[PDB]
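I have placed the structure first, in the form of structure tokens, so that the comments after it can refer back to it.
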Amino acid sequence: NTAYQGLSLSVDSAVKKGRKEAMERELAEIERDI
Amino acid sequence: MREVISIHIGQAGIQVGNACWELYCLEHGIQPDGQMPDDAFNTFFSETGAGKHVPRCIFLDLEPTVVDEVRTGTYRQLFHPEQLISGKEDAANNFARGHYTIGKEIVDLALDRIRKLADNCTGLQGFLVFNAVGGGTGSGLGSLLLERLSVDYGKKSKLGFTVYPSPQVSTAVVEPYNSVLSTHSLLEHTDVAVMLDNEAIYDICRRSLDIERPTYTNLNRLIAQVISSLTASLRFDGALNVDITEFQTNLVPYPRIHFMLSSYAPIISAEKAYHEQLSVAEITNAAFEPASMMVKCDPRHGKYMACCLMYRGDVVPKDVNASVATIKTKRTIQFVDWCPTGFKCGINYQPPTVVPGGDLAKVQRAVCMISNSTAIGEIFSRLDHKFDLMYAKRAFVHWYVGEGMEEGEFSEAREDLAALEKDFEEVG
Amino acid sequence: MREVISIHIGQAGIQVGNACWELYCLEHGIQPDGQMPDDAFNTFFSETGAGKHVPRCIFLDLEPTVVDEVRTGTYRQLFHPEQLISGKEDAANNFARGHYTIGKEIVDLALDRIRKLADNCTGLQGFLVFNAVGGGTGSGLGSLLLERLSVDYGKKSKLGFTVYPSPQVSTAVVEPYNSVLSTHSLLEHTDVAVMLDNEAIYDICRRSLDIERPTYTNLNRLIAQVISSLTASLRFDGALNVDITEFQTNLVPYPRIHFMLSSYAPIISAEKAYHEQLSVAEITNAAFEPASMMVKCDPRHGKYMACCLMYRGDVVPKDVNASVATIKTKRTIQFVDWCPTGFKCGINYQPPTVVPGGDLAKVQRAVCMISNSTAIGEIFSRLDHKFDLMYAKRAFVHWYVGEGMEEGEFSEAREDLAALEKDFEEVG
Amino acid sequence: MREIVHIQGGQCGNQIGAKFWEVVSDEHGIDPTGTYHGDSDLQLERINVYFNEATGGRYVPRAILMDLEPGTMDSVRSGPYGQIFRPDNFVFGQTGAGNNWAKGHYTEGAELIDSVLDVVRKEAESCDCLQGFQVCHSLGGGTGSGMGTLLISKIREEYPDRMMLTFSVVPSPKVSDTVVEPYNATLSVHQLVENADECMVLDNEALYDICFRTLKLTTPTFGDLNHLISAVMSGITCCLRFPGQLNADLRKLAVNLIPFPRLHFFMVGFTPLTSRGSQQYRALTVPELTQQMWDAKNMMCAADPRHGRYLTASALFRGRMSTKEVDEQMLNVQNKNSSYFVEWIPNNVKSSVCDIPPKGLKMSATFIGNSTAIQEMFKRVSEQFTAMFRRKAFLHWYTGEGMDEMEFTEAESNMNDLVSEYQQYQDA
Amino acid sequence: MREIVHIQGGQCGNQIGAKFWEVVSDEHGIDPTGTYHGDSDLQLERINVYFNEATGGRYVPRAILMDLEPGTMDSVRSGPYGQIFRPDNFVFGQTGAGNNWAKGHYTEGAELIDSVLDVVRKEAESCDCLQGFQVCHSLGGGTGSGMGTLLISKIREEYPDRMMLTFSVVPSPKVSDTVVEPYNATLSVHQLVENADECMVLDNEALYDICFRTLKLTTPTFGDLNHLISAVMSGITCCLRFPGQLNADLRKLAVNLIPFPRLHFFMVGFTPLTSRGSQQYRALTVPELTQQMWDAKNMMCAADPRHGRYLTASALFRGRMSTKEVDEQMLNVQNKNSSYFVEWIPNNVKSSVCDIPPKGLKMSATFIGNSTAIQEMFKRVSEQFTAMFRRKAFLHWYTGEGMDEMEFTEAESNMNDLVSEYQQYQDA
Ligand SMILES: CC(=O)O[C@H]1C(=O)[C@@]2(C)[C@H]([C@H](OC(=O)c3ccccc3)[C@]3(O)C[C@H](OC(=O)[C@H](O)[C@@H](NC(=O)c4ccccc4)c4ccccc4)C(C)=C1C3(C)C)[C@]1(OC(C)=O)CO[C@@H]1C[C@@H]2O
Ligand SMILES: CC(=O)O[C@H]1C(=O)[C@@]2(C)[C@H]([C@H](OC(=O)c3ccccc3)[C@]3(O)C[C@H](OC(=O)[C@H](O)[C@@H](NC(=O)c4ccccc4)c4ccccc4)C(C)=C1C3(C)C)[C@]1(OC(C)=O)CO[C@@H]1C[C@@H]2O
Ligand SMILES: Nc1nc2c(ncn2[C@@H]2O[C@H](COP(=O)(O)OP(=O)(O)OP(=O)(O)O)[C@@H](O)[C@H]2O)c(=O)[nH]1
Ligand SMILES: Nc1nc2c(ncn2[C@@H]2O[C@H](COP(=O)(O)OP(=O)(O)OP(=O)(O)O)[C@@H](O)[C@H]2O)c(=O)[nH]1
Ligand SMILES: Nc1nc2c(ncn2[C@@H]2O[C@H](COP(=O)(O)OP(=O)(O)O)[C@@H](O)[C@H]2O)c(=O)[nH]1
Ligand SMILES: Nc1nc2c(ncn2[C@@H]2O[C@H](COP(=O)(O)OP(=O)(O)O)[C@@H](O)[C@H]2O)c(=O)[nH]1
Ligand SMILES: [Mg+2]
Ligand SMILES: [Mg+2]
């Protein structure tokens with residue numbers, strides 16, 4: 001979560017979009033786990 | 001977000017381009033195979049779908065020999081072959097050949113790459129041209145581009161690092177012609193124009209670096225260091241960050257006066273660095289020394305309309321406030337009346353890197369300076385004199401009128417070099 | 001359900017068909033021996049009583065020398081020999097021999113094969129002709145065949161991928177004659193008719209993939225790729241599925257105007273894929289580039305009466321929603337007043353599949369563009385010119401009047417092109 | 001009692017309906033097997049409104065799925081929540097729609113209505129007290145518009161006293177995913193004014209911004225667009241399902257919103273809405289939900305509320321709260337922006353409230369407003385229609401199905417008479 | 001009650017606020033998580049002045065961070081207390097500021113204002129009793145000067161009754177870290193006078209002195225100077241946050257310090273300031289803190305109070321003490337140097353006091369002063385403005401954004417009128 005809120009502020013590149021969506025999926029996974 | 005497009009025209013432009021694009025891929029850990037083992041490189045690269053980092057540059061030439069060197073050099077895995085542009089014949093030190101005849105068939109190609117290289121950016125700071133005035137491609141073609149650029153964007157900023165025909169040392173014989181013809185058609189298009197020369201950096205290699213074997217690779221190394229310093233504020237943190245927009249507005253008072261000088265310090269080998277502590281004052285003192293300049297122009301015959309100092313490494317801003325104060329107090333340094341101000345200082349926490357097998361040393365401090373001094377009108381007078389000294393005899397003219405030119409542009413470009421020159425004294 | 005009957009007349013027709021029926025059996029995993037180790041192939045196959053998958057196509061020709069190659073090539077286990085129709089003698093580049101003398105005796109045979117093939121398909125989307133205008137078979141026979149089709153179906157849709165006699169590169173001397181005669185007949189019969197050309201595809205292999213030895217086997221792989229991206233929604237899922245009925249109501253404003261250009265992107269080799277990212281904005285830009293067309297027409301000489309896009313691979317519909325907006329901002333591209341609408345889009349989650357030994361590389365995105373633009377009335381106008389340039393001499397006419405034709409057809413074929421050329425102006 | 005039968009026309013309506021039946025299946029906590037696995041009884045007291053009982057304690061939705069080209073109906077059956085539909089609740093035909101409103105409403109519509117009516121009757125007779133219908137259109141395509149309106153006029157003359165909703169997805173004013181889109185718009189509206197009671201309008205564009213700015217979504221797939229529509233569609237019937245200190249039947253929403261029988265085009269929005277970052281900081285109070293709902297962005301149809309005045313409006317809360325705040329919030333908003341409403345209506349909002357929140361949230365809302373803003377949308381379409389109908393483009397398709405031209409003129413006269421109504425009660 | 005909303009414009013404003021929101025955050029004992037972890041209920045009573053309640057018992061600062069070129073806002077977010085800011089409380093534009101006050105206030109300002117106003121109003125209503133505004137400017141740069149004043153004008157016309165503070169950092173009289181400094185200095189001054197109520201002026205030079213001599217710092221970095229500004233900014237509102245036997249709202253500071261609606265430029269200083277060594281010798285007594293606060297060194301403005309005349313003054317003490325001491329001290333000094341004070345005000349000081357000390361200390365103080373000596377600041381700026389305007393240097397930039405020359409003339413006159421005011425009441 002702290003990485004996801006530190007990575008933010010103007011996702012501009014394709015790699016940025018991909019990494020942020022990866023963070024979204026990781027978050028969903030761990031929310032299902034806990 | 002903060003991305004620049006670097007162009008390298010002529011032979012010299014793509015020569016230093018080899019150094020700069022060696023420094024950068026070294027400074028950011030980029031391997032020659034595209035890939036590295038956030039925004040730290042976005043200014044100079046474009047990460048692909050996965051892994052590779054492609055440099056956002058453009059190598060242009062008409063001589064096939066040199067662009068074919070980077071095609072076989074170790075850095076062929078970096079540049080997309082859409083970037084490397086060549087041509088069957090060359091310009092051969094004729095302006096018309098680069099400008100009128102040969103240029104027009106390939107500009108539609110180069111511009112087709114920029115439209116394919118600009119749309120990749122959402123925040124485009126400004127173009128970054130590397131010229132070499134005195135030849136056919138550099139002067140002739142490069143001028144033909146900026147016109148195609150300014151009609152396209154205009155609102156964008158055009159910056160240029162053009163080496164200049166030295167007064168004494170001259171490898172060409174006809175360069176006064178195309179140089180003068182270059183200056184005319186670039187002026188109303190370029191927004192700012194830096195200038196440098198080999199002979200000065202030759203001395204710079206002699207006095208400080210103390211090398212008796214200066215080849216083109218060394219000079220190209222120094223230009224890599226200077227530009228690596230300028231862009232640090234675009235690609236690194238640090239106190240008093242600077243961007244191109246801020247840079248150009250507080251440095252160009254009038255639309256015409258934009259021709260500027262440069263300097264770098266420290267310029268020291270491995271040994272004397274060990275016998276040195278590199279106080280911020282010493283570095284900013286040498287930076288204003290007229291000998292440490294990269295042009296054979298004497299600023300002590302004019303007044304600094306403005307200055308811009310970019311430091312590097314370990315600096316604290318009071319020392320800058322302290323050192324610049326010590327300089328504004330001296331007497332050899334002159335200024336024009338209407339600007340009691342005139343300094344734009346910047347710092348970066350990122351030290352300067354050194355290239356393995358290179359010539360400089362590992363230092364924790366570094367300073368570069370760019371001044372717009374009206375004393376620059378002097379070297380513009382020598383070339384004002386060589387033109388008429390030869391245009392009277394009409395020597396070499398048959399080439400130009402034989403390649404789709406006329407006598408008019410000889411006259412046309414002539415007056416603007418007088419119209420510019422009188423303007424360099426109206427500011428007094 | 002959703003199946004298509006793919007015909008191949010002439011030599012080029014069955015040449016390209018040797019590539020389409022290559023990509024398909026690879027796209028769906030069908031081995032060369034009829035069987036793989038639903039609705040994913042039924043559109044292009046018909047599972048037999050056990051195991052084999054026969055391709056629902058017809059290879060028709062009068063020259064025995066090329067159909068007998070498939071009869072012996074690695075692709076004989078796929079085709080039931082009753083499909084591959086042949087003939088003792090050919091048309092020999094005469095429209096009359098293809099339409100009046102020889103073709104009249106084998107249509108009733110092929111008409112039975114279609115009848116034996118249309119019945120197996122429950123929901124017939126439409127036919128898919130592969131004509132090659134410029135020969136005797138493709139022109140004389142194909143034209144004769146479509147008459148026999150519209151009198152049976154009429155309401156059913158007849159497509160067409162007809163190569164066209166190129167302006168500059170031409171490998172025949174009378175193809176201005178037959179081409180005119182074919183259009184005068186197909187026009188009132190077909191309802192949509194794609195056009196494409198060789199030299200426009202020769203350049204694409206030179207400009208983009210940079211192969212200095214293009215061969216008819218290279219062009220055929222590109223025509224193969226065009227169709228796969230077209231028929232994806234017919235056999236795959238994904239947003240905005242597009243069907244042939246849904247493909248033509250919104251693309252042929254007037255009954256006469258149905259000739260349309262084509263395009264495709266990205267078209268690059270393996271290496272130029274590793275220095276790229278290929279955003280949805282890149283592909284939609286190159287797609288609209290007049291250089292990426294496969295016809296030698298200048299779209300910037302007219303406007304777009306309508307357009308269409310069939311994306312492929314991983315796409316989200318907002319960038320298409322956004323990138324099409326960006327194109328609707330530029331001024332180079334025009335649109336007629338009465339069409340403020342005009343972008344029928346389409347997505348498929350199935351990427352484009354690469355054929356081994358092929359020249360293209362693997363990608364996750366692809367865009368096939370199809371546009372009915374009024375600029376095409378120029379390549380229409382060339383053939384308007386060469387025909388009268390020769391018919392003034394009555395050259396080669398003795399063949400045509402000797403083979404069951406007369407001068408009446410030439411005059412009546414002439415007027416229709418004129419009447420169709422005013423039509424492309426009545427839209428302005 | 002109060003049961004509601006659900007209809008899903010077109011492809012999109014079939015696709016957004018997949019989510020709507022996936023959300024409410026989770027709200028009431030039933031499994032993809034159709035078996036209940038919730039915990040409370042509130043999941044069961046009013047389950048009979050959306051479902052029909054089955055043997056073995058299974059629940060199947062009282063849904064209808066009508067669409068030509070049965071390809072897409074296999075997708076929803078393949079998805080996670082396809083196994084809950086009675087396979088008898090599937091009407092389809094092989095032939096595609098072709099975006100031709102005529103064949104969707106004249107030829108092929110006439111061939112399935114006799115079947116669909118046999119299915120809607122079969123579960124309209126499965127309700128102890130059927131409240132009303134609700135459909136999911138797509139005013140662009142041929143199925144949703146063509147078949148949808150044809151089905152509607154059939155129901156209205158058979159269940160006059162009941163109420164017919166319509167969750168139509170309108171075309172876009174800027175982007176155009178079909179070409180004949182204005183024709184399908186105007187020809188459908190000419191059926192909705194006389195044969196509907198509440199007709200919400202919703203667009204993809206405003207739904208892209210809502211997904212981009214607020215949710216900070218990178219790539220909104222159609223699932224997410226359909227996801228939001230699912231949320232709103234559930235929000236309307238919280239009172240019919242769950243308890244509430246102030247309940248709101250649909251029949252009372254219509255009478256609280258439609259002063260004149262023709263002004264039944266609404267405008268909707270959902271609240272709360274936030275990303276994963278801001279969710280960590282935003283606090284859930286009635287103030288937040290009422291300022292975000294009254295905002296001009298959340299209006300999922302592409303219209304500016306400011307260019308009109310809300311004739312009436314409505315708000316539906318759900319979650320434990322204090323009913324006083326919701327009483328005064330809409331009292332303040334009605335008092336601050338007294339220009340955004342009319343005078344002949346003293347209090348022009350209704351404040352419903354439910355007692356049970358959504359699944360994972362704790363508070364929520366839903367906004368509905370019969371604002372005079374929507375008149376812009378119909379203004380736009382009535383231009384594109386009168387543009388091409390002035391040139392009779394594409395009109396040969398529609399005259400191919402026995403249609404005439406008066407039918408267009410009457411349909412156009414119907415929209416102008418409608419947009420004139422939104423101006424009378426818009427006194428600037 | 002007494003909630004305070006905070007703004008941070010420009011780079012420096014985005015930077016000093018990082019400290020101001022770091023010092024305060026520890027005073028009230030909250031962690032960078034936003035969760036409170038102090039000890040006393042006193043931190044919780046008046047916590048609502050600088051923060052907002054968040055889910056899970058978290059507190060986020062009621063701050064707004066506006067700056068073009070979002071590169072800097074990444075730093076603070078990566079800072080130790082960057083996780084507390086609401087990411088929707090960040091507004092930025094990719095284009096650089098350019099420090100052309102016009103584009104900062106005419107073109108690029110206009111693009112973001114509508115967004116900013118949506119953010120201020122979003123949290124203006126989050127206050128039960130909004131006390132006032134406060135900003136963090138930078139007159140040299142174009143972000144704070146351009147946008148901030150542009151925002152200020154927008155705030156005032158929608159919040160006329162509330163009070164606008166300003167912690168603007170003033171350009172230096174000796175050093176100029178930029179060149180166009182006096183231009184944007186004046187054009188901001190021409191906007192502050194009419195749309196501000198209390199405007200402190202602080203300068204890095206005196207900040208360097210206070211850091212150099214008194215605190216005996218070896219290397220004042222930007223954090224330390226910002227660490228100082230954080231302290232004063234925290235001392236101002238100690239009454240609004242903590243108990244006090246003589247509390248002091250801001251509005252009572254206003255009336256007690258500006259006699260005329262135009263003499264509203266103040267001068268500040270903090271106390272005690274001791275290095276580590278002297279701290280073990282010095283003793284904390286009320287006499288100590290008042291002579292130090294009254295010295296002409298602690299004045300962070302680059303002006304000498306001995307050259308002007310204190311119209312009014314004020315002091316804020318924090319720490320348990322005896323209120324008689326502070327009563328007689330200000331009476332002593334008011335007697336002794338009775339030449340530095342005015343006559344027509346009998347008593348020109350306000351001695352407030354707080355019951356709660358700083359975090360680690362036990363006593364402290366803070367001085368505010370409205371002396372006419374500050375008119376020396378604006379006279380220095382005038383000579384720099386008129387000199388370059390006498391030559392129209394750097395001016396094409398400003399006219400390059402639709403500006404004219406009148407705005408330069410008026411802004412000059414208004415400051416000229418202002419310095420004249422500070423002379424009348426300065427009767428020497
Ligand atoms: C821990 C937590 O609070 O996580 C939330 C969450 O953070 C947010 C961001 C959720 C989340 O939603 C999204 O991220 C989202 C993405 C695209 C499109 C729509 C939503 C959430 O998925 C949505 C989900 O909400 C629900 O489950 C609702 O009850 C909602 N459910 C569904 O729509 C649904 C249906 C089938 C399968 C899964 C979800 C609902 C709405 C109307 C009527 C009935 C139910 C929850 C609580 C969350 C997550 C998981 C992050 C939000 O969505 C809803 C509708 O609640 C997005 O805006 C809200 C605000 C929520 O705070
Ligand atoms: C053991 C002890 O007493 O050490 C002191 C200390 O010796 C001195 C030197 C402190 C110290 O301050 C500095 O070192 C300093 C450095 C650069 C610029 C300014 C200060 C101290 O850091 C500062 C710190 O002061 C505070 O905690 C204040 O409450 C202050 N807090 C902060 O500045 C702060 C903010 C975030 C994180 C940590 C500290 C404050 C100021 C204004 C409004 C509210 C709070 C304290 C008492 C001390 C140390 C640690 C040495 C001094 O500062 C303050 C603000 O008290 C500097 O001169 C004073 C006098 C103190 O005696
Ligand atoms: N500092 C530096 N100068 C170089 C270098 N290489 C070439 N130059 C200078 O470039 C000048 C010649 O410029 P050219 O590139 O040959 O001229 P042109 O415009 O390209 O026209 P053509 O020669 O016909 O291609 C000479 O004065 C060189 O000294 C280099 O590597 N470093
Ligand atoms: N794109 C493409 N064009 C081809 C190919 N082969 C032939 N063509 C062109 O098709 C035209 C002639 O095709 P044919 O099928 O041989 O002519 P025909 O219709 O059979 O008439 P006859 O030769 O008299 O039997 C010429 O323009 C060829 O250049 C191919 O493989 N690919
Ligand atoms: N929210 C959403 N809208 C869609 C989706 N698919 C299509 N739409 C829109 O619905 C319209 C197409 O209607 P469609 O049902 O496919 O044609 P029809 O079968 O003749 O009714 C177009 O405007 C599409 O953009 C989807 O999956 N989700
Ligand atoms: N106390 C303090 N002053 C700073 C700091 N950084 C910059 N300043 C001043 O801020 C001025 C530049 O203004 P800036 O905001 O960067 O340009 P703008 O974006 O156009 O407004 C310079 O004159 C600096 O002296 C800092 O970190 N601390
Ligand atoms: Mg050269
Ligand atoms: Mg042939």
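Letters A, B, ... mark the chains of the structure tokens in the order given; residue numbers begin at 1 per chain; ligand numbers begin at 1, in order shown.
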*List the neighbours of residue 4 of chain A out to 12 Å using only C-alpha atoms; skip same-chain residues closer than 5 positions along the sequence, and give me the result as a ChimeraX atom specification.*
/A:9,11,16,19-27 /D:275-278,280 /E:77-78,83,87
Write out, as a PDB file, in the first residue's frame, the residues just selected, with N, CA, C and O atoms.
ATOM      1  N   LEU A   9       1.040  10.182  -8.593  1.00  0.00           N
ATOM      2  CA  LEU A   9       1.345  11.500  -9.151  1.00  0.00           C
ATOM      3  C   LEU A   9       1.776  11.480 -10.616  1.00  0.00           C
ATOM      4  O   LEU A   9       2.972  11.448 -10.922  1.00  0.00           O
ATOM      5  N   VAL A  11       1.036   9.209 -13.546  1.00  0.00           N
ATOM      6  CA  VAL A  11       1.394   8.067 -14.374  1.00  0.00           C
ATOM      7  C   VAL A  11       1.297   8.500 -15.830  1.00  0.00           C
ATOM      8  O   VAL A  11       0.216   8.843 -16.320  1.00  0.00           O
ATOM      9  N   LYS A  16       4.502   2.809 -16.576  1.00  0.00           N
ATOM     10  CA  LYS A  16       3.870   3.310 -15.362  1.00  0.00           C
ATOM     11  C   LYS A  16       2.450   2.776 -15.232  1.00  0.00           C
ATOM     12  O   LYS A  16       2.044   2.311 -14.160  1.00  0.00           O
ATOM     13  N   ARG A  19       2.635  -0.936 -14.277  1.00  0.00           N
ATOM     14  CA  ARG A  19       3.014  -1.181 -12.890  1.00  0.00           C
ATOM     15  C   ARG A  19       1.891  -0.800 -11.937  1.00  0.00           C
ATOM     16  O   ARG A  19       1.646  -1.501 -10.947  1.00  0.00           O
ATOM     17  N   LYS A  20       1.173   0.285 -12.226  1.00  0.00           N
ATOM     18  CA  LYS A  20       0.085   0.664 -11.335  1.00  0.00           C
ATOM     19  C   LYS A  20      -1.065  -0.335 -11.404  1.00  0.00           C
ATOM     20  O   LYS A  20      -1.660  -0.661 -10.370  1.00  0.00           O
ATOM     21  N   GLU A  21      -1.370  -0.861 -12.594  1.00  0.00           N
ATOM     22  CA  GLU A  21      -2.393  -1.902 -12.684  1.00  0.00           C
ATOM     23  C   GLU A  21      -1.944  -3.177 -11.978  1.00  0.00           C
ATOM     24  O   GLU A  21      -2.759  -3.877 -11.359  1.00  0.00           O
ATOM     25  N   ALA A  22      -0.651  -3.496 -12.057  1.00  0.00           N
ATOM     26  CA  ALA A  22      -0.125  -4.634 -11.311  1.00  0.00           C
ATOM     27  C   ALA A  22      -0.322  -4.438  -9.814  1.00  0.00           C
ATOM     28  O   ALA A  22      -0.672  -5.379  -9.091  1.00  0.00           O
ATOM     29  N   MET A  23      -0.083  -3.218  -9.329  1.00  0.00           N
ATOM     30  CA  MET A  23      -0.347  -2.920  -7.924  1.00  0.00           C
ATOM     31  C   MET A  23      -1.823  -3.093  -7.591  1.00  0.00           C
ATOM     32  O   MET A  23      -2.167  -3.610  -6.522  1.00  0.00           O
ATOM     33  N   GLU A  24      -2.708  -2.650  -8.486  1.00  0.00           N
ATOM     34  CA  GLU A  24      -4.141  -2.846  -8.269  1.00  0.00           C
ATOM     35  C   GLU A  24      -4.472  -4.323  -8.091  1.00  0.00           C
ATOM     36  O   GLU A  24      -5.222  -4.703  -7.180  1.00  0.00           O
ATOM     37  N   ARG A  25      -3.915  -5.171  -8.956  1.00  0.00           N
ATOM     38  CA  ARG A  25      -4.219  -6.597  -8.881  1.00  0.00           C
ATOM     39  C   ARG A  25      -3.641  -7.225  -7.619  1.00  0.00           C
ATOM     40  O   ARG A  25      -4.293  -8.060  -6.978  1.00  0.00           O
ATOM     41  N   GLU A  26      -2.419  -6.837  -7.243  1.00  0.00           N
ATOM     42  CA  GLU A  26      -1.850  -7.321  -5.989  1.00  0.00           C
ATOM     43  C   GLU A  26      -2.722  -6.930  -4.803  1.00  0.00           C
ATOM     44  O   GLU A  26      -2.952  -7.739  -3.891  1.00  0.00           O
ATOM     45  N   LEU A  27      -3.210  -5.689  -4.799  1.00  0.00           N
ATOM     46  CA  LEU A  27      -4.081  -5.233  -3.723  1.00  0.00           C
ATOM     47  C   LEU A  27      -5.347  -6.072  -3.656  1.00  0.00           C
ATOM     48  O   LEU A  27      -5.754  -6.508  -2.576  1.00  0.00           O
TER      49      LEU A  27
ATOM     50  N   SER D 275     -11.083   6.586  -6.102  1.00  0.00           N
ATOM     51  CA  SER D 275     -10.026   5.633  -6.415  1.00  0.00           C
ATOM     52  C   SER D 275      -9.656   4.840  -5.165  1.00  0.00           C
ATOM     53  O   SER D 275     -10.351   4.877  -4.147  1.00  0.00           O
ATOM     54  N   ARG D 276      -8.550   4.097  -5.235  1.00  0.00           N
ATOM     55  CA  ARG D 276      -8.078   3.374  -4.062  1.00  0.00           C
ATOM     56  C   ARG D 276      -7.211   4.246  -3.167  1.00  0.00           C
ATOM     57  O   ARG D 276      -7.129   3.998  -1.959  1.00  0.00           O
ATOM     58  N   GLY D 277      -6.558   5.254  -3.731  1.00  0.00           N
ATOM     59  CA  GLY D 277      -5.827   6.203  -2.920  1.00  0.00           C
ATOM     60  C   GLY D 277      -6.755   7.072  -2.101  1.00  0.00           C
ATOM     61  O   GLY D 277      -6.718   7.049  -0.870  1.00  0.00           O
ATOM     62  N   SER D 278      -7.606   7.840  -2.784  1.00  0.00           N
ATOM     63  CA  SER D 278      -8.487   8.774  -2.098  1.00  0.00           C
ATOM     64  C   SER D 278      -9.480   8.076  -1.179  1.00  0.00           C
ATOM     65  O   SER D 278      -9.985   8.706  -0.243  1.00  0.00           O
ATOM     66  N   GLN D 280      -8.713   6.023   0.970  1.00  0.00           N
ATOM     67  CA  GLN D 280      -8.032   6.002   2.256  1.00  0.00           C
ATOM     68  C   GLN D 280      -8.244   7.288   3.044  1.00  0.00           C
ATOM     69  O   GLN D 280      -8.083   7.287   4.268  1.00  0.00           O
TER      70      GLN D 280
ATOM     71  N   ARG E  77       5.941  14.051  -1.878  1.00  0.00           N
ATOM     72  CA  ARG E  77       5.254  12.777  -1.699  1.00  0.00           C
ATOM     73  C   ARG E  77       6.227  11.677  -1.302  1.00  0.00           C
ATOM     74  O   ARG E  77       5.888  10.817  -0.480  1.00  0.00           O
ATOM     75  N   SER E  78       7.436  11.695  -1.859  1.00  0.00           N
ATOM     76  CA  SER E  78       8.483  10.789  -1.409  1.00  0.00           C
ATOM     77  C   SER E  78       9.110  11.235  -0.098  1.00  0.00           C
ATOM     78  O   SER E  78       9.862  10.461   0.505  1.00  0.00           O
ATOM     79  N   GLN E  83       3.029  11.176   2.770  1.00  0.00           N
ATOM     80  CA  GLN E  83       1.943  10.209   2.735  1.00  0.00           C
ATOM     81  C   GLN E  83       0.671  10.721   3.391  1.00  0.00           C
ATOM     82  O   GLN E  83      -0.354  10.035   3.336  1.00  0.00           O
ATOM     83  N   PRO E  87      -4.016  12.843  -2.309  1.00  0.00           N
ATOM     84  CA  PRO E  87      -3.513  12.960  -3.686  1.00  0.00           C
ATOM     85  C   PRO E  87      -4.423  13.750  -4.602  1.00  0.00           C
ATOM     86  O   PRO E  87      -3.951  14.258  -5.625  1.00  0.00           O
TER      87      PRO E  87
END
*Write out as an MDAnalysis selection string each polymer residue (protein, DNA or RNA) that has an atom no more than 8 Å from ligand 2, with only C-alpha atoms and all ligand atoms counted.*
chainID E and resid 19 22:27 211 215 217 220 224:225 227:228 230:235 272:276 279 357:361
*Which residue, B:55, B:313, B:404, B:377, has the smallest gap to chain C when you use only C-alpha atoms?*
B:55
*Of the residues C:375, C:92, C:187, C:173, which is the one nearest to ligand 8, using only C-alpha atoms and all ligand atoms?*
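For ligand 8, the nearest of the given residues is C:92.
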*Got a sec: who's within 9 Å of residue 150 of chain B, counting only C-alpha atoms, leaving out chain neighbours fewer than 5 positions off, as a list in words?*
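So, after excluding close chain neighbours, the residues are residues 145, 155, 156, 158, 189 and 190 of chain B.
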